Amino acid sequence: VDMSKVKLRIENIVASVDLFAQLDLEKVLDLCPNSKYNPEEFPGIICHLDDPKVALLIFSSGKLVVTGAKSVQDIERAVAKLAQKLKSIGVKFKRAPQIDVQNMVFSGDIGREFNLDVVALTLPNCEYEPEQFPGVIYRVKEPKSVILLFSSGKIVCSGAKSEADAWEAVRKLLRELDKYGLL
């Protein structure tokens, strides 16, 4: 495999956060501009931070989800800025926030165009039903991740909680494509 043209760029990081502090979403709403709380729509509230541009799915449990983050820094700055705002309304947290990367999505380009039908016909563990979903879905077992391969050669890797794992996932795909004379 010629990794030289393979690019992978973090597109998004979603982190599961635990503030360890039950929250009164009705109050939390105050901290979130234009945020609305409709429990019959979504049990939490979508808190939009402008800096970093992130949206937090804040739950009453104090557990939240940092979404729309481009970096681990966004997540950190977000959880912090949030907890700041929370104390600014009287929240005292039982513990330190348990921040965990839930998922990372990397968009990429493996370097070359592919005939998805051929890849799908050739490649053993891949899914391909273009009408229903564009691209060839390649699910990696280790690490658990999924690569969406497009005929353009652009790929989108998700499921991985680290860039290294994403890269390995991409490496495994290329390896598999290679193994099946698809590169």
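Heads up: residue numbers just count along the shown sequence, starting at 1.
Of the two segments, 76 to 84 and 107 to 115, the one listed with the higher mean B-factor is 76 to 84 (C-alpha atoms only).
Checked against the record, the higher mean CA B factor of 67 to 75 and 91 to 99 lies with 91 to 99.
Residue-level inspection of the entry shows that, of 173, 13, 166, 23, 23 has the top Cα B-factor. In the deposited coordinates, the residue among 38, 152, 35, 122 with the greatest CA B-factor is 35.
In the deposited entry, the Cα temperature factor of residue 43 sits in the middle third of values across the chain's modelled residues. Among the modelled residues of the chain, residue 31 sits in the highest third by CA temperature factor in this PDB entry. Ranked within its chain, residue 137 lands in the lowest third, by CA B factor from the PDB record. Ranked by C-alpha B-factor against the other modelled residues of its chain, residue 56 falls in the middle third.
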